[PDB]
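Undergrad: Those protein sequence lines, which keep their order, are chains E and H.
The first sequence begins at 126 in the entry's author numbering and counts up by one.
The second sequence begins at 2 in the entry's author numbering and counts up by one.
C-beta: ideal position from N, C-alpha, C; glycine also.
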Amino acid sequence: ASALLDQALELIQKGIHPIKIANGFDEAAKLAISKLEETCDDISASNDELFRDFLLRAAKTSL
Amino acid sequence: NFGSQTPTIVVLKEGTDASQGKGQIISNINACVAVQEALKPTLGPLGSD
Numbered sequence: 126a127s128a129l130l131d132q133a134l135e136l137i138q139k140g141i142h143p144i145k146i147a148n149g150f151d152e153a154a155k156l157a158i159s160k161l162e163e164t165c166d167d168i169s170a171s172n173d174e175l176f177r178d179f180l181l182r183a184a185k186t187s188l
Numbered sequence: 002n003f004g005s006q007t008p009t010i011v012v013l014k015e016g017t018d019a020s021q022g023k024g025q026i027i028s029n030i031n032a033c034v035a036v037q038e039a040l041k042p043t044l045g046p047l048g049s050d
């Protein structure tokens with residue numbers, strides 16, 4: 126959120142209205158979510174033995 | 002007669018605001034224009050908060 130705010134400081138200096146700034150991130154955020162939803166793969170096809178390993182992948186990431 | 006001072010009787014209480022002149026109703030308009038200035042840029046979709 127600070128990164129969006131820091132980059133917005135330079136655009137306020139150029140004289141862009143804040144609503145056009147806010148609408149730009151809203152269209153960009155949904156566009157990025159729409160792309161990342163396509164590229165990620167599903168893990169439900171694997172059995173329970175490999176599904177336990179995916180939790181170990183995320184468990185070691187969070188700890 | 003009961004006192005050497007003889008205080009002059011004020012009509013209203015002490016601390017009451019001023020009265021008729023030039024600029025009484027204009028101050029009320031300027032007071033409304035002051036509050037109106039705060040709500041001025043909040044109009045329309047391209048406004049502010």
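#1: Verify whether the separation of the beta carbon atoms of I144(E) and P42(H) is less than 8 Å.
#2: Quick one: measure Cβ to Cβ for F179(E) and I168(E), integer angstroms, because I've assumed they're closer than 8 Å.
#3: Quick one: what does DSSP say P143(E) is sitting in, helix, strand or coil?
#4: Cβ of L161(E) within 8 Å of Cβ of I146(E)?
TA: Concretely, from the data shown:
#1: no
#2: 6 Å
#3: helix
#4: no
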